[PDB]
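Heads up, the thing below is written out as structure tokens.
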Ligand SMILES: *[C@@H]1O[C@H](CO)[C@@H](O[C@@H]2O[C@H](CO)[C@@H](O)[C@H](O)[C@H]2NC(C)=O)[C@H](O)[C@H]1NC(C)=O
Ligand SMILES: *[C@@H]1O[C@H](CO)[C@@H](O[C@@H]2O[C@H](CO)[C@@H](O)[C@H](O)[C@H]2NC(C)=O)[C@H](O)[C@H]1NC(C)=O
Ligand SMILES: *[C@@H]1O[C@H](CO)[C@@H](O[C@@H]2O[C@H](CO)[C@@H](O)[C@H](O)[C@H]2NC(C)=O)[C@H](O)[C@H]1NC(C)=O
Ligand SMILES: *[C@@H]1O[C@H](CO)[C@@H](O)[C@H](O)[C@H]1NC(C)=O
Ligand SMILES: *[C@@H]1O[C@H](CO)[C@@H](O)[C@H](O)[C@H]1NC(C)=O
Ligand SMILES: *[C@@H]1O[C@H](CO)[C@@H](O)[C@H](O)[C@H]1NC(C)=O
Ligand SMILES: *[C@@H]1O[C@H](CO)[C@@H](O)[C@H](O)[C@H]1NC(C)=O
Ligand SMILES: *[C@@H]1O[C@H](CO)[C@@H](O)[C@H](O)[C@H]1NC(C)=O
Ligand SMILES: *[C@@H]1O[C@H](CO)[C@@H](O)[C@H](O)[C@H]1NC(C)=O
């Protein structure tokens, strides 16, 4: 049933790109609404075949009443149990939720790191007494492969009349 | 405005005061993550139209892989900028920083989504799945992005910037600014003898920030353009679903209902060819636009690791002036920096000389300028007027008084001689 | 992963290009040789042009991504050209530009279609709690440190550098006098040694 108020001289209704939202019943003269049954992508979360042959299917942005069940901001999970403790992210589900395999598949709001707060007073300082020299790597790409495709041969391919 | 510097040899201008300034800088970090399934535009839930689409190779597979590539990337743009601290520091519960306020930048003990008093304005001065359209949610919610910025703030205002080297080292904020005077060539004694004035000047600068943001028509225009281009490049894409492209009608369901298969395959193929070309064009433009923000999220990561996690000698990058420190503030789809700098003011001119001829030997300053008010010569640091009597302790002797041009004959006070007598 | 990924995309966008040669594009066959002879030229030219437009439009695509992906390499090939100059051929004070720590030096080493930097840094460790003071009032005059901190173990006051604990007795050659101990908030009384 359409709550939006209409006028009697004409029947169909639409907003953008020829998408008819409402329609007028011919016989009963009743105004209805049109919204399609929800679609959406499906994402499969796996911890790797070597570890185990288990998956946690996620349905992207569905109410989960029209498809361990769990409802997230990104969608709905099937196969992951919510856990109170927060771990570092392993598989990013989305909207601040991550999953991992460790009693099969868990789903937690990831923690941002080891929380700490050292003391601070207006007349105390901390000075290091020693040092550790460390070597860290860093990788940067510089070039690609220099392919060169001639346009004539690819399109035609040995055909004079082409 | 027209200027003409009163240039003349042996004449210099040295400032006698300073004015703390806080200037905001706004950078976009990421844009909206939209994923479009190529099959639902061209066909639109039609089995008899899908078969015609697979005749076009694997175009619909690239247009799904390309958009997914520039959607995972947006979760790396946010990671590079904010996620730069191993731990999550916290401010002490008793705030006594020697005069500096910081109550407009620190998290609010108030209504949830604990943003700063400034971040509330930034999240209010800027303010869908219908047909194949999607909007994936960002991995980092604004409730956790506001905690990276809090963690960075809760450590930069309390322990210097020893984060860029490893372990956090506590140090009172009253003696942080003394360090960063030495960076810009100003003796630390200027801070301590002017601490009360400096704290009030710094506090007033922050107070005018939210006034300069809320009252002004649009300071966040850099962040608004990104939204105004994504939402506009999508309307033009959606509105292209109502164009005939040379077919009998622009809606696919009304073609299959009044045409047999052998002659409907030619009317559909005009929509398929047109709509496919009407989707490759926008995907290409998103790839170019994503690279523009990618280069902007790499500059915002550099500013976080140089202006915020240290002091930068680079000119006119961490603010217009001599950089002191920066404070990062979150944004709907970006980040805002508050550069703190010194601008010299209230300058007075004097007469100089490159050397001082005493005892037949040239004298040069160690760190300072030989300056004379008209009768007596003094030595002052180049960024602040503080005259001192010329002494062998702040000058060094190297050369003879017959090579350099411009010497003035003057006596260099020796401190050992009168103590000896 | 950075170097290996670049190889895959080049070999993925090129394999996809090759597979585009076996698509009808709305024509009667995906093989051009079997359309030239099986059909008359008057009606072959309208079916061949379907393949020509399909293949040409499928060739303009991968050129664009190759053009776009090239800019992603030159952007990353200017960081290497900058890190090689500023960090290998010198010492950089830019924080976190060439490692996590205080930069000392780096060594460049080649890699297939890339470069690898071994950033040698200086990470402080084993900190120690201390009690400090901004200045010291001796004979009514303030004494700020020339370079270092006025640290105190609890009873005695020393001067040490800011990045390594190395305590030294406070003398007139370690501190410089300016003003009197009446404006500094937090000055601590102590005696300054005179080496003369
Ligand atoms: C400073 O740093 C090292 C830690 O890296 C301290 O421990 C020494 O480490 C080296 C190599 O492992 C050993 O050869 C020493 O025997 C260790 N010294 C110990 C355990 O006392 C080192 O003590 C620290 N201080 C000095 C002066 O080196
Ligand atoms: C600047 O140095 C000389 C020393 O006498 C003076 O020259 C004037 O400089 C100002 C700009 O600073 C110019 O606008 C004037 O045209 C200059 N000539 C004058 C006033 O006759 C001046 O006294 C010094 N400026 C100050 C504030 O002391
Ligand atoms: C700091 O802790 C103790 C307490 O002062 C120091 O022990 C004395 O330090 C002074 C000079 O540092 C010596 O002259 C004394 O002989 C020490 N003993 C007494 C009873 O005063 C200790 O040396 C200090 N630590 C450091 C590294 O200097
Ligand atoms: C249309 O036909 C049905 C069946 O009798 C009945 O509701 C009525 O005759 C008509 N409906 C109207 C006038 O609303
Ligand atoms: C799912 O449906 C229920 C009831 O209609 C509602 O409470 C909940 O907010 C919905 N979740 C969504 C729209 O994500
Ligand atoms: C998990 O957290 C909720 C509240 O945050 C609490 O009610 C519940 O008891 C907790 N369960 C476990 C196993 O910790
Ligand atoms: C320094 O003192 C504070 C006060 O509790 C403490 O938190 C900190 O651990 C101390 N540092 C060391 C190395 O013990
Ligand atoms: C800091 O700024 C706020 C805002 O006006 C003010 O209320 C407060 O008195 C100032 N000082 C402290 C210690 O909070
Ligand atoms: C530091 O704080 C204490 C009380 O919190 C105060 O008495 C003192 O004046 C401040 N300054 C110094 C150098 O102790």
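Following Swiss-Prot, chain A shows residues 554-620, 641-675, 690-749, kept in their order.
Placement of Cβ uses the backbone N, Cα and C atoms for every residue, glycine included.
For A:603 (among others), the entry in Swiss-Prot reads N-linked glycosylation site, with the evidence type experimental evidence. Look at residue A:603 (N-linked glycosylation site): DSSP puts it in coil.
The N-linked glycosylation site annotation in Swiss-Prot covers A:616 (among others). Annotation for residue A:616 (N-linked glycosylation site): same-chain Cβ neighbours under 8 Å, separated by at least 6 residues, are A:591, A:644, A:649.
The disulfide bond annotation in Swiss-Prot covers A:617-A:649 (among others). Cβ neighbours within 10 Å of residue A:649 (disulfide bond), excluding its own Cβ and spanning all shown chains: 19.
Swiss-Prot lists A:657 (among others) with the feature N-linked glycosylation site, giving experimental evidence as the kind of evidence. Of all Cβ atoms in the shown protein chains, 6 besides its own fall within 10 Å of the Cβ of residue A:657 (N-linked glycosylation site).
If you look up Swiss-Prot, you'll see A:662-A:671 (among others) marked as disulfide bond, on the strength of experimental evidence. Annotation for residue A:662 (disulfide bond): spatial neighbours A:671, A:697, criterion Cβ-Cβ under 8 Å with sequence separation of six or more. DSSP classifies residue A:662 (disulfide bond) as coil under the three-state reduction.
All protein chains considered, the CB of residue A:709 (N-linked glycosylation site) has 15 other CB atoms within 10 Å. Taken residue by residue with DSSP, residue A:709 (N-linked glycosylation site) is part of neither helix nor strand, so it is coil. Taken from Swiss-Prot, the feature N-linked glycosylation site covers A:709 (among others).
When secondary structure is read from DSSP and collapsed to three states, residue A:717 (N-linked glycosylation site) falls in the strand class. Annotation source Swiss-Prot lists N-linked glycosylation site at A:717 (among others).
Residues or ranges marked as disulfide bond in Swiss-Prot: A:743-A:749 (among others). Note on residue A:749 (disulfide bond): other Cβ atoms within 10 Å of its Cβ, all shown chains, come to 17.
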**Message:** Nearest by CA distance to residue A:749 (disulfide bond): which of the recorded positions is it, out of A:603, A:617, A:657, A:709, A:717?
**Reply:** A:603
**Item:** Nearest-integer angstrom distance between the alpha carbons (Cα) of residue A:717 (N-linked glycosylation site) and residue A:709 (N-linked glycosylation site)
**Value:** 24
**Prompt:** If you draw a 10 Å sphere on the Cβ of residue A:617 (disulfide bond), how many other Cβ atoms land inside?
**Reply:** 14
**Complete:** CB < 6 Å to ligand 5, subset of recorded positions A:616, A:671, A:749, seq order -> A:616
**Request:** Would you find the one among the disulfide-bonded residues A:671, A:743 whose Cβ has the most company, meaning other Cβ atoms within 10 Å?
**Result:** A:671
**Item:** Short-range recorded positions relative to chain B, from A:616, A:617, A:749, with Cβ separation under 8 Å
**Value:** none
**Request:** Work through the recorded positions one by one (A:603, A:709, A:743) and name whichever has its CA nearest to the CA of residue A:657 (N-linked glycosylation site).
**Result:** A:603
**Request:** Fill in the CA-CA distance, residue A:603 (N-linked glycosylation site) to residue A:709 (N-linked glycosylation site), as an integer in Å.
**Result:** 55
